[PDB]
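Heads up: the sequence lines are chains B and E, in that order.
Numbering-wise, the first sequence is residues 851 to 1205, 1219 to 1336, 1350 to 1374, 1381 to 1402 according to the entry's author numbering.
Numbering-wise, the second sequence is residues 732 to 748 according to the entry's author numbering.
One structure is given here, and the rest of the page talks about it.
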Amino acid sequence: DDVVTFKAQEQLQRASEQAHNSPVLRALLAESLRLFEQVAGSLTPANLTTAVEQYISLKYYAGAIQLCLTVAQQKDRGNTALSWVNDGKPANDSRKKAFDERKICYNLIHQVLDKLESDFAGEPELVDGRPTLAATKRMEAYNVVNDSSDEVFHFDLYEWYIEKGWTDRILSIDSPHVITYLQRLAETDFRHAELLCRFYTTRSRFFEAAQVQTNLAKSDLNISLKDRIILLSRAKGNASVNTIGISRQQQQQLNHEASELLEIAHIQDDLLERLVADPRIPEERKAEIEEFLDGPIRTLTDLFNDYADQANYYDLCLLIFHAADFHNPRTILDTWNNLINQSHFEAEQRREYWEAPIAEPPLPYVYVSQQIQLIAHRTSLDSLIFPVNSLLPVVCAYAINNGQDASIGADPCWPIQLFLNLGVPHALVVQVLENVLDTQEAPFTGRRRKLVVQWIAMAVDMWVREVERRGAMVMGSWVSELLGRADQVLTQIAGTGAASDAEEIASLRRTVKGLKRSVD
Amino acid sequence: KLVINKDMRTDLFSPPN
């Protein structure tokens, strides 16, 4: 008797579906709606409510929405609620009637779209091979909403989508009325600028995203500095790739602005990062600092004076100079000398305490070498704040005046190895050691010039190694002129030394005269 | 741009009056 049972379940399943298959209802309901839309502009809020309540009882969702939209438009046909919100919240106004009346209708639309999901909550989206009737009344409903020309309703709807946390709904909307809403809101709420930027990037309008991401870091909004760094770092990414329609010059114009601010913001961050963790600063001032630094990005003037220059943060002072295109060879160099000395000082401090130091601390020249590499890699070997013409001699002078050599087990040629490995051109290092070997300005005097030759011997050695591999054969007579002139220095030092290195010197001559052959 | 002004600053090593 399973056959008789199926026919019993069939009639019941058909009885439930009946109310919707019926063409009488579809005709009655459509007729009641037609009559309401006639006197739409004269409906009392009490009647419009009762009507929507009854329409929902009968699963007439999409139609009830169309009544409320119609009563809205017909209560203010001149569209004053647009002129009200578009001008933006004119308080003490007669156009509060338009919005207040239109919203009584909009609140009912929300009621429908809520009861819509409730009745057909979790119900299936697709009958085997066909959409459900639940999904049809759903499709009918959200077609009325998204197609409407009443955009004040769309704004009130978008405000209510957000207030309900329906994020993915805003993004999925293909209307162009939503972008106007987010713009008016992104400028005063960070939570909304997030959407406007996420809307643009799904459309692949990356420039329009970086355009907002950048303008947000420059904002007066309560945003952390490290977040502002992210914004400017994403904007530089969104402004790195082509987007349909936008030029190359305006694209680079925005990438450059983002890169400028990002460079400062990293300085400001690394400054704030060090200032708070600096034991020399009073704990009371540190609270006043972070409130001033964390937040918007300040001028390089503010970063430099009240903080970086006082604390004698010579490394960040140089980074500020680079970011400010600060043309002054003296102050740039004076800061490099202080940076090296203060670095040598701290590193001799830690080694003395390790004689608290956690692990074997680094020798002075190692720590000084790190502090240089950090500025070389961060600023890309500028010709201004990294002037090899002056800085390399200073490092070579410090390597003598503070005895960072074989005496402590250090590579005597560590100042050359430092600049070569940093990317400095071989031809330039030798061009400096040439100037050091002749002038004989202290400390580069007397028998210590023996070490100047060592620097030249390896420098030129590291250069002939690079050209054999390079495949070339600027190096010329002038390098041979130097090695032969550097040979006289080794003999003039071998005589006045009559020293125990008399055999070390002799061994170097056999290396020099060999390099001269490789060049000639 | 950068503008050094060693004249009038705020003492970085003391709390405020």
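Beta carbons: idealized from backbone N, C-alpha and C, even for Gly.
| Check | Outcome |
| --- | --- |
| Beta-bridge pairing of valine 977 of chain B - partner residues as DSSP gives them | B/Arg980 |
| Contacts that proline 1132 of chain B makes with chain E (C-beta to C-beta distance below 7 Å) | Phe744, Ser745 and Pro746 |
| Within 9 Å, strictly: CB atoms of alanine 1322 of chain B and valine 1365 of chain B | no |
| Helix, strand or coil at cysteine 1276 of chain B according to DSSP, with G and I counted as helix | coil |
| Cα-Cα separation, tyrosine 1008 of chain B to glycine 891 of chain B | 25 Å |
| 4-residue-minimum alpha helix (DSSP H) runs that sit fully inside the region 1230 to 1264 of chain B, ordered along the chain | 1251 to 1264 |
| Distance, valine 962 of chain B Cα to residue 1347 of chain B Cα | For residue 1347 of chain B, no position is available: the coordinates of chain B end at 1336 and pick up again at 1350. |
| Selection from B/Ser907, B/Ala1137 and B/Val977 that minimises the alpha carbon distance to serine 968 of chain B | B/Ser907 |
| Among B/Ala901, B/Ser999, B/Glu1123 and B/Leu1075, nearest to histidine 1027 of chain B - alpha-carbon criterion | B/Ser999 |
| Interface partners of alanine 1174 of chain B on chain E, CB under 7 Å | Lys732 and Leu733 |
| Distance CB(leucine 1168 of chain B)-CB(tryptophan 1186 of chain B) smaller than 9 Å | yes |
| Reference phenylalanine 886 of chain B; option with closest CA among B/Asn1065, B/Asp852, B/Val902 and B/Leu875 | B/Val902 |
| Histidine 1240 of chain B, buried or exposed, once every other Cβ within 10 Å from all chains shown has been counted against 16 | exposed |
| First and last residue of the uninterrupted alpha helix (DSSP H) at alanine 948 of chain B | 946 to 969 |
| Nearest-angstrom Cα separation, counted from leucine 1166 of chain B out to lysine 1395 of chain B | 44 Å |
| Cβ separation of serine 1193 of chain B and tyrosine 1230 of chain B, assumed to be a contact under 8 Å, to the nearest whole Å | 6 Å |
| Proximity winner among B/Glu1107, B/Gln1234 and B/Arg1310, relative to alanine 1362 of chain B (alpha-carbon distances) | B/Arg1310 |
| Proximity winner among B/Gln1280, B/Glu1331 and B/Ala1370, relative to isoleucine 1319 of chain B (alpha-carbon distances) | B/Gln1280 |
| Cutoff 9 Å: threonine 1052 of chain B Cβ touching any chain E Cβ | no |
| Proximity of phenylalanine 1057 of chain B and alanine 1089 of chain B at Cβ, strictly below 9 Å | yes |
| Assumed close pair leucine 1104 of chain B, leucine 1122 of chain B - CB separation to whole angstroms, cut-off 8 Å | The pair is not a contact, with the Cβ atoms about 26 Å apart (cut-off 8 Å). |
| Pair within 9 Å by beta-carbon distance, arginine 952 of chain B and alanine 922 of chain B | yes |
| Own chain, CB closer than 7 Å to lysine 1076 of chain B, minus 5 neighbours either side, in chain order | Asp1119 |
| Straight-line gap, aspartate 1006 of chain B to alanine 931 of chain B (C-alpha atoms, nearest Å) | 11 Å |
| Closer than 8 Å at the beta carbon, the chain E residues around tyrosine 1157 of chain B | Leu743 |
| Buried or exposed (CB count within 10 angstroms, at least 16 for buried), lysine 732 of chain E | exposed |
| CA-to-CA distance, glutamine 1101 of chain B to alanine 1060 of chain B, given in whole angstroms | 10 Å |
| Contact set between the region 1139 to 1155 of chain B and chain E, restricted to residues whose Cβ is under 7 Å from the partner | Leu1150, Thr1151, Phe1154 and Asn1155 |
| CB contact flag (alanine 1370 of chain B, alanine 1388 of chain B, <9 Å) | yes |
| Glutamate 1297 of chain B burial status per 10 Å Cβ neighbour count (16 or more: buried) | buried |
| Residue span of the alpha helix (DSSP H) that contains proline 895 of chain B, given as start and end | 895 to 907 |
| Reference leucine 1066 of chain B; option with closest CA among B/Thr1093, B/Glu1107 and B/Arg1055 | B/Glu1107 |
| Segment limits, alpha helix (DSSP H) that includes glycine 913 of chain B | 911 to 925 |
| Nearest to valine 1330 of chain B (by Cα), restricted to the options B/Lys1313, B/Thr1149, B/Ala1290 and B/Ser1382 | B/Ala1290 |
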